[PDB]
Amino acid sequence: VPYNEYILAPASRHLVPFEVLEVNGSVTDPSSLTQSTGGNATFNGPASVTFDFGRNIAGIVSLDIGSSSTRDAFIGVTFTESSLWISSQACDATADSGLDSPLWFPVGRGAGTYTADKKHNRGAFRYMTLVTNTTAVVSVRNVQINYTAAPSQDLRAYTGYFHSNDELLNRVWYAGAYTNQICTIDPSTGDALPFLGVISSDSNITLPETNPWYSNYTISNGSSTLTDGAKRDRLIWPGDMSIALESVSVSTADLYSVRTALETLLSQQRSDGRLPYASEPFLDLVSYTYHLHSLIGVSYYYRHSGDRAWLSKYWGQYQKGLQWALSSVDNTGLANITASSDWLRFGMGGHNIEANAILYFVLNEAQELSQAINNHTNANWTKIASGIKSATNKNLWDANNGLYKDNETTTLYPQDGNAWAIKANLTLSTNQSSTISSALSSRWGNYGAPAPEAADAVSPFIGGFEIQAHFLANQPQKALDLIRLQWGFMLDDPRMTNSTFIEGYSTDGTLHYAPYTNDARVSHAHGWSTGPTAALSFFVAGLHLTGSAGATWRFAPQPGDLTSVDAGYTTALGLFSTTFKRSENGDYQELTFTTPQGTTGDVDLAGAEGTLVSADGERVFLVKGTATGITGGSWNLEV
């Protein structure tokens, strides 16, 4: 595991507080609980000691109590991911209104270990506060956390690595990787929303009132499942997978946790063929977009797993699911959406650009799965795809604004649909894609890229899709600059975790998120904001899987302003790696790339002149940086 120094995952599953932030009251030696083999912090009466673990973590709190003056003594534990919500009186929020209660332990009953329930596992918290409710003098021998995230993983045994000359990019990579494994949970501790239906937005739980909190629900079978957010929801969401899967793939290869989540959604497919908006405990809302995002997960899993048997097991369910979505396509050749529910965007309906771009992407990915199982293509899927591309550009493209309309009925040009159009090749030219890229970077604010479809929100979900779209319009600089702007804020703003990545915020730097009135409920660990991890491995390093487990590949690095990149990730067939070092001229003075043997791929080095030489003696001369159909192995650029 190269560059393991950048890995933010814990080396142990039993963690002791790293530093002491704030001590209110009288505690004689609070920093004694900072050590692994010590501890006698004596809380003299009502007091509070805030701790900092230095990173977002998850687990079950355990207190060893040595001395208590009173038998009615209590020790409370609170948790928060952000510094904004550090309080002795309450935790963060997992409900649509109100901060969560402190975990209370009756430490006066006797000396000994006091461990929390598995239902009171906290899914994500960087700062932990211990508070005393009584006049008792209580000795705390030890406070430790049992790290519960990524249960079936070796937390730091990374299958992938990324290093460049920009340390912010290197830190964003390992942050998103760690963001994903912290929302990778034991399915027994799912649904952090126990009061869905009970507590709502207009419920105004306030001031001294705190809220009960537990997890409970076995949202999936198996040992481990990837969820949307570590602290809150803790559910399986289809749309979040189109970012987290590949980011998980290039870091830990925990495709087991992904398969766990995809099979849970597939098992809940309706009679119609409609895949669900979320996993079982959540409300039965109809989403055309998220239904296709689950079909994207079937394609994405076969691409990275290589498991043709898994594909055949779910090929019929995939085909029935596509059928349900093709039903909304009308005479215009576009799909008319009558279901509004999406990620947060408000205008989903009619001939939406995002929906039709996702359907086009799904239809073309369905053709390769057809070729995988049946060794042919579907002609019906080809015409519907061609019709979407024709009608989207005829009815929704505006050449003065350089962007697609959300529908024919509006002046709004959305971030999701325009980033998805380049991702789906719904565009007719690289220049049309380059025009969208320029027009989306036009709207960038001081804290990130805005989504006008979702009020004042800065969505890292769509931002990651926009990063891939910038690269695909062959504008690598704008993509890197969005990461440095948006994710540098997400990683280095003092109200963040410096380890995991937030679910969303707003154009004004405030960490308020549009769908929530409870800003403390926002998740600083969401896997759908881990896109830069996969994109830096795919587009900057150039390591593209174009076939199952990399059976076919494309080595096309787009380094931008970077001078040195050393990156690699692992599939079933082998390791995909590269170590290239450019110059002030922007020309590769050193390039080595590694692909598994018994595989075939193409190489685009962008005008770079030289010969690619294999370790087994093969030599291929480049034509405008072009190499076509070269066999797998480790190749060196020789000038």
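All residue numbers are counted from 1 along the displayed sequence.
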Check the entry's C-alpha temperature factors for 545-553 and 67-75, then say which stretch has the higher mean. 67-75
Averaging CA B factors per stretch from the PDB record, which one is higher: 303-311 or 400-408? 400-408
Highest Cα B-factor in the deposition, which of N425, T80, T530, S537? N425
Peak C-alpha temperature factor (PDB record), options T184, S340, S523, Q468: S340
Among all modelled residues of this chain, ranked by Cα B factor, put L612 in the bottom, middle or top third, i.e. lowest, middle or highest. middle
Of the three thirds of its chain by CA temperature factor, lowest, middle or highest, which one includes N24? highest
Report the third (lowest, middle or highest) to which the CA temperature factor of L33 belongs, ranking only the modelled residues of the same chain. highest
Can you tell me whether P596 has a C-alpha B-factor in the lowest, middle or highest third compared with the other modelled residues of the same chain? lowest
Pull the Cα B-factor of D602 out of the PDB entry and bin it into the chain's lowest, middle or highest third. lowest
